[PDB]
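Notes follow once the structure below has been shown.
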Amino acid sequence: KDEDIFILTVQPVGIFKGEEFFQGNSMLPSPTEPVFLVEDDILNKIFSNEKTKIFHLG
Amino acid sequence: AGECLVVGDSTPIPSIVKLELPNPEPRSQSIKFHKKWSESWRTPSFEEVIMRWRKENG
């Protein structure tokens, strides 16, 4: 009935307070709040990190 | 990590407590796999391992 709706259901898995990633389901975002996709710069910090004990698995 | 739920007759509300870090800690019976593998090839004293396999039968 001429009603363009595009609704996504997302689940929080962490926070990016500062430049480091914390886990936890807290700090609910207020309504009318931007969503900005994800860039590889923050994904690399979450996963690769920097430590001797690493193992590449794809 | 380090939190427990205390359920019993000695509390009015069984809850979860942020236990502090003990001082000093007990011995940690943990072996890290990759760091030991990261080192060069190690020599096991087969003589000792065999004599203790056979000597400790009861």
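Note that the protein sequences, when read in sequence, are chains M and P. Numbering-wise, the first sequence is residues 60 to 117 according to the authors' numbering. Numbering-wise, the second sequence is residues 528 to 585 according to the authors' numbering. Quick reminder that beta carbons are idealized off the backbone N, C-alpha and C, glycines included.
- Message: Counting only beta-carbon separations shorter than 7 Å, does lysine 110/M have a partner in chain P?
- Response: Indexing the first sequence from 1 puts residue 110/M at position 51. So no, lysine 110/M is outside the interface.
- Query: What does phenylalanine 81/M reach in chain P if we use C-beta pairs closer than 8 Å?
  - Reply: Here residue 81/M corresponds to residue number 22 of the first sequence, with the count starting at 1. By Cβ distance, chain P contributes nothing, its closest Cβ being about 13 Å from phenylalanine 81/M, past 8 Å.
- Proximal residues of chain M, C-beta to C-beta of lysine 562/P below 8 Å: Translated into positions along the second sequence, residue 562/P becomes position 35. The contacting residues are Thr111, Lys112.
- When the Cα atoms are used, what is the spatial distance from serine 542/P to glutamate 575/P? As a first step, residue 542/P is located in the second sequence; it is residue number 15 there, counting from the start. As a first step, residue 575/P is located in the second sequence; it is residue number 48 there, counting from the start. Taking the straight line from one Cα to the other gives about 51 Å.
- Taking contact to mean at least 3 C-beta pairs separated by less than 8 Å, is the region 93 to 104 of chain M in contact with the region 540 to 558 of chain P? no
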